[PDB]
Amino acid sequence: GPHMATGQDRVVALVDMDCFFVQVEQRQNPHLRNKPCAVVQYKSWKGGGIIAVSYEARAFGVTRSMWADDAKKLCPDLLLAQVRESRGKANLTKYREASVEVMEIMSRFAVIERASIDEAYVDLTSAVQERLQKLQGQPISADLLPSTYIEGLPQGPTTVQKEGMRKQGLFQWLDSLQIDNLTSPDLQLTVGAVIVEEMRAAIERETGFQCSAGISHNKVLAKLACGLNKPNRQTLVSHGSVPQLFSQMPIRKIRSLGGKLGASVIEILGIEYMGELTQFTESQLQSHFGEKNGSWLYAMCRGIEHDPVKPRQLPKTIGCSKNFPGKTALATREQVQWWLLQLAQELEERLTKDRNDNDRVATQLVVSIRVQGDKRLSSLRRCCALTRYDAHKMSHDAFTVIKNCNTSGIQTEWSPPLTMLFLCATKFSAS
């Protein structure tokens, strides 16, 4: 009772850009704004695979991973923008640079952890306290949170509109706030949400990009909260909202549970929602899923998670990959050498950029391949030393460490055909 830890010791946020690749193209081309539009790679095969969808196009049913020709059937007025192609492969330089614009603005407010190209976690714990002493006891007006939803609110007896429902929840939340108390976790989330409103106001104002965000006590709840009110809104998930939120929250919606372990949690325990995990003791969950998973599950279903926000705005690896599906699979020794050079050339261009910008050198190269028929994403991984940022040496050394896999007695041929080539620069050191 008096000695229970509720996991209310941190204020963690997850900011995620709304249809990021689309917004990047819409800022560059005004004709694409406020219209159903999507981003595609490789216009040849069925018009190109869609990798980002605007919300105007999502209303028609256009989704990611869909072929552009199929998406034109659902949305005939759909506009398209192609990803730049360099050396025969997709080139995402325009979006990595747009990412750095946002990451540097978020870095001004608090420590962030780059989670993807369009999202980063934030640890607002140190920023919330210093803001609390600056507001010497004065309350928080709703004008400081013009786009914040309070998950679970409004409730009970006192509108039909979406935005009307938002403020009544914020009103109930603010009216019950304990500003008398600086050790109140619910007050810390509110100050954290005020800061995120300022961060997101700075992002849109200095880049033109809109984003959603989640504010809670850990990374998992923040990411879940971020998806509740997209687009362009932030959601506060408090500790008290967890039981009702998790009572019907599918297990797959929780981070790290959308894969196989989440499936076995559903099958073995025979449950549907995240809240049903509270019935089980920790030893039971440890016996079914291991000591790490059982401990993590037992605390997560109660809204408690301890994975810290690592101060890391830079990637740990720099890699280049390209798939060769179907009959396009590389089957000649000349093809494999040529594409390894194309990958190594772009890799050098990115590594030299990384060494001048970020003062570090990659020290080893990882070569990954997939053969025709193998189900796993990777079929084989071999590694060597990355001494020079030389595209011809890297591609040559990459070929040296994979030429054994060629089960073809012929010199000029390559069997089995290669489905994917992948070079990855890892193991950085200060330069």
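Numbers for residues come from their place in the sequence shown, where the first is 1. Definition used throughout: the rigid core is the maximal C-alpha set that superposes within 1.5 Å between two forms.
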*Could you check whether 328 to 336 or 179 to 187 drifts more from the shown form in 8 other deposited structures of this protein, using RMS Cα distance once the core is superposed?*
179 to 187
*Comparing C-alpha positions in 8 other deposited structures of this protein against this form, with the rigid core used for the fit, which stretch differs more, 57 to 65 or 368 to 376?*
368 to 376
*asked:* I want to check something about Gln133: across the other compared entries that model its neighbours, is it left unbuilt in at least a third?
replied: no
*Across the other PDB entries of this protein that were compared, is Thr158 absent from at least a third?*
yes
*Quick one: classify how much of the deposited chain lacks coordinates between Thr158 and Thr159, choosing none, 1 to 3, 4 to 9, or 10 or more.*
4 to 9
*Per the entry, where is the mean C-alpha temperature factor higher: 177 to 185 or 77 to 85?*
177 to 185
*With respect to the recorded C-alpha B factors, which stretch has the higher mean value, 58 to 66 or 391 to 399?*
391 to 399
_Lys162, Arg108, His239, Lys310, ranked by C-alpha B-factor: the highest one_ = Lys162
*Compare the CA B factors listed in the entry for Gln284, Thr190, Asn356, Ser212 and report the winner.*
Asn356
*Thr235's Cα B-factor: lowest, middle or highest third of the chain?*
lowest
*C-alpha B factor of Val12, ranked within the chain: lowest, middle or highest third?*
lowest
_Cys383, C-alpha B-factor rank within chain (lowest, middle or highest third)_ = highest
*asked:* Using only modelled residues of the chain, where does the Cα B factor of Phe422 rank: lowest third, middle third or highest third?
replied: middle
*For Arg166, return the chain-relative third of its C-alpha B-factor as stated in the PDB record: lowest, middle or highest.*
middle
